[PDB]
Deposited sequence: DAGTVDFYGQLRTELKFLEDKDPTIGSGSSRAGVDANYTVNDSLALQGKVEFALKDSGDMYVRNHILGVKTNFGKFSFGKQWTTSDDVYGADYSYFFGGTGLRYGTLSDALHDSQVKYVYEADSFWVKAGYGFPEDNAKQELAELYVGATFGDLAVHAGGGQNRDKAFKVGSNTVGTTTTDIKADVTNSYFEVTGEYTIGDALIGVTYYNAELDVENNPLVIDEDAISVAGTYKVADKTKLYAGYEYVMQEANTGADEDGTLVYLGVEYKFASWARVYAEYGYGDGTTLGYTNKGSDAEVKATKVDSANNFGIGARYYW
């Protein structure tokens, strides 16, 4: 009948060496929050949550702001949250680079501030979904559905959704006097994923398919994407990970394109509240845009070459 109040956070600190650039030091995506939960009876519980950022860069601001109601019929969560998409994710186990090949948030950056989200667990067969209120085109249209289920040692999921931005930035031409090109884009995407636990080892594979149509315009981009990845706990506190990520983008204009991302890294944990990371990442070719869930990094649509990247992490959790 009573409740729990958890005050939690991370203090990320990163040292990064990215292709063609200088060393950076500073915060990663440090944040701090408060999960408050209260069980009323057996068919009713309540949640109040609010995470905010402690990045070293801009003004500080709220990241998630949530009212949750759990029932017999499932949990409904309301307000500013990450997309159901991002919660489900897919097979990327990096803390820096990588996450390309998951194509759910080309337009969303994994976020919609004005959304309703549903969850339902069972004899671990589960269902998650969400809807984004466009709050009169101040926000994106969003709608997603995923479903999964574990078979003892195998773990599966599939689903997708549809996200649209009426005024999304597609380019720039300045002429002196600097302006960007807006355009109304729809991203309609689907995935399937499997994960296999072999004691220390873990393997994962995801396939993403995705369609970017533009209204008042013939253009269409079919993306088709394969992530394969895994982790292996070696010593007592030590985990290694890696992944290959291959993406192909056909345009309806004929124009074909691809992109490759490879990573290899190590999570050591002095404790659970004290972790350090080291990761290499090789990239070549094109992304249309992606989010690394581990760093919270956004990479906007780009083409890379010859592309080496190292990242050294040190976090304090609470």
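A single segment of the deposited sequence is absent from the coordinates, namely 177.
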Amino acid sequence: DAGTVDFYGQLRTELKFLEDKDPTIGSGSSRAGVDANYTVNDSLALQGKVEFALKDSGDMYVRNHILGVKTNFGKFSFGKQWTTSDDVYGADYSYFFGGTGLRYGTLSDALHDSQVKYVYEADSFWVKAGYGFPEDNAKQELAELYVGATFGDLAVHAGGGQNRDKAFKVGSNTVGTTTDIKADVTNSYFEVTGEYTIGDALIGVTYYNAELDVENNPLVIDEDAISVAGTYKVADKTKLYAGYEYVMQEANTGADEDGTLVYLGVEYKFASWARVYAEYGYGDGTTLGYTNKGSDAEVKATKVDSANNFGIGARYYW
From here on, numbers count along this sequence of modelled residues.
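Annotation for 117-125 versus 205-213: the higher mean temperature factor (C-alpha) is found in 117-125. Taking the mean C-alpha B-factor of each stretch as recorded, 58-66 and 253-261 are not equal, and the higher mean is that of 253-261. Within the selection 221, 107, 183, 88, the deposited Cα B-factor values reach their highest point at 183. Comparing the listed residues 132, 243, 79, 199, the entry records the largest Cα B-factor for 199. Ranked by C-alpha B-factor against the other modelled residues of its chain, residue 288 falls in the middle third.
Residue 83: CA B factor in the lowest third of modelled residues in this chain (values from the PDB entry). Residue 51: CA B factor lies in the lowest third for its chain, per the PDB record. When all modelled residues of the chain are sorted by CA temperature factor, residue 139 is found within the lowest third. Per the deposited record, the Cα B-factor of residue 99 falls in the lowest third when ranked against the other modelled residues of its chain.
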